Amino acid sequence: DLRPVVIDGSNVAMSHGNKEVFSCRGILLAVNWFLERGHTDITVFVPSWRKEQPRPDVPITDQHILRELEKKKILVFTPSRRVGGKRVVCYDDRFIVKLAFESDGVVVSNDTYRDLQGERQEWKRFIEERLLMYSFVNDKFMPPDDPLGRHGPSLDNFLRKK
């Protein structure tokens, strides 16, 4: 009955704590929020370059959580590597949207992925109908009761299928 959930890990971790810090607990807390309500189909995407700490230009906290969530079959790392000198990063967003679109679930993020909706009609509509935004207050993960405005549906039904 519950929609599959797909979380933009980077969006969430940046929002949580200092906005200039990749706060891995942000991801834990969001995940737990869905767990507590009964969800079991949950996926969080984060680039794999977040795993390696030898010189992190955006700082990170509680890095170990990523691999923790990987083991529980919740977090999935996204691909990236260095070509010649520089880092190249297969885009997060694509995995996030493609998965949610094809699993017919929801996307948890405050990014609206303007690039992607400019690429494909079907993705634009999906994003409009299926983005779930949120605010954090310290460690409280707070999504809106009215995810699509007063005209759309309640949180509870947004997260169901029928």
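We number the residues from 1 along the sequence you see.
Asks: Where do the C-alpha atoms have the higher mean temperature factor in this entry, in 9-17 or in 147-155?
Replies: The stretch with the larger mean CA B-factor is 147-155.
Asks: Please compare 95-103 with 48-56 and name the stretch with the higher mean C-alpha B-factor in the deposited structure.
Replies: Higher of the two, by average CA B-factor, is 48-56.
Asks: Quick check on the deposited entry: does the C-alpha B-factor of residue 70 sit in the lowest, middle or highest third of its chain?
Replies: Middle third of the chain for residue 70's C-alpha B-factor.
Asks: Thinking about Cα B factors across the chain, which third does residue 113 belong to?
Replies: As the PDB entry reports it, the C-alpha B-factor of residue 113 lands in the lowest third of its chain.
Asks: For residue 134, does the deposited CA B-factor place it in the lowest, middle or highest third of the chain?
Replies: It belongs to the lowest third of the chain when residues are ordered by C-alpha B-factor.
Asks: Comparing against every modelled residue in the chain, figure out the third that the C-alpha B-factor of residue 43 lands in (lowest, middle or highest).
Replies: Lowest third - that is where residue 43 ends up once the chain's C-alpha B-factors are sorted.
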